[PDB]
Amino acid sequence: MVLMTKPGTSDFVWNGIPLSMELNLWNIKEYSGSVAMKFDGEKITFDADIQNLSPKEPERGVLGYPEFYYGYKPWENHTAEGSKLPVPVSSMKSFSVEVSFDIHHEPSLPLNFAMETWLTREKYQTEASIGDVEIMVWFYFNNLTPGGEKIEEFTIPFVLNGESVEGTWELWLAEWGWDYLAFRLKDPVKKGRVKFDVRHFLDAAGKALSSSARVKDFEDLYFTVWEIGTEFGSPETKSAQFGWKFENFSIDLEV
């Protein structure tokens, strides 16, 4: 059903779930080489062998974020048809996400396996800005650090390979053009199956930002989307070779 070999977006449906996949190289000015993303009905795979890389904005650190998502991504003003997102955070009872993944990459490549959402003041913004929140959940990372500084750590459960684990998550916060929160699992998992509820993270982000001058009414913000992907690169990265595979995907939003 879906095949992309250049930056772009496409909707598709997986096990009845409407989704969008983006071959996202947002911070790459130019590159040579190959990129291929594909959805075959049963799994999503991504592969990259690119060279002559240079960032558009070196200050942003990473170079790209090939991914697929459920919902409405503000920045692209896009959503596949039939999505249940966006919804106000305060209306989320639980949001269970499950996926099996396998990531491979050249050893020195700054890379991570990250999931995130954008909490916007208004339902359908086309950007995030002061008053909004970007929240990431890193299940894996390699020669990559989240932006900002570490503030606290949280113990948050998730089911690894079918076994309930009590993960230890560092929380990184930065206040740039928007509020940035990144939950980094202290024991990265490079291949496996995870199941967890986004709500726990939301609860934690809420407490962390409870004294912010910028973010005003946390529970009132719109939970717009859930992205799943891998960020890569750094301003010094000149070439990149890595790839991944996602499978056994399923979600459950309870309003």
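When you see a residue number, it is the position in the sequence shown, counting from 1.
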property: Higher-B stretch (mean Cα B-factor, as the entry records it), 224-232 or 194-202; result: 194-202
property: Residue range whose averaged C-alpha B-factor is higher in the record, 113-121 or 165-173; result: 165-173
property: Per the PDB entry, maximal CA B factor within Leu160, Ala182, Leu144, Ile130; result: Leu160
property: Lowest, middle or highest third - CA B-factor, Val215; result: highest
property: CA B-factor ranking of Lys38, expressed as a third of its chain; result: lowest
property: Among modelled residues of the same chain, the CA temperature factor third for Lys84; result: middle
property: Record-listed C-alpha B factor of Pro188: chain third; result: middle
property: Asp49 - which third its CA temperature factor falls in, relative to the rest of the chain; result: middle
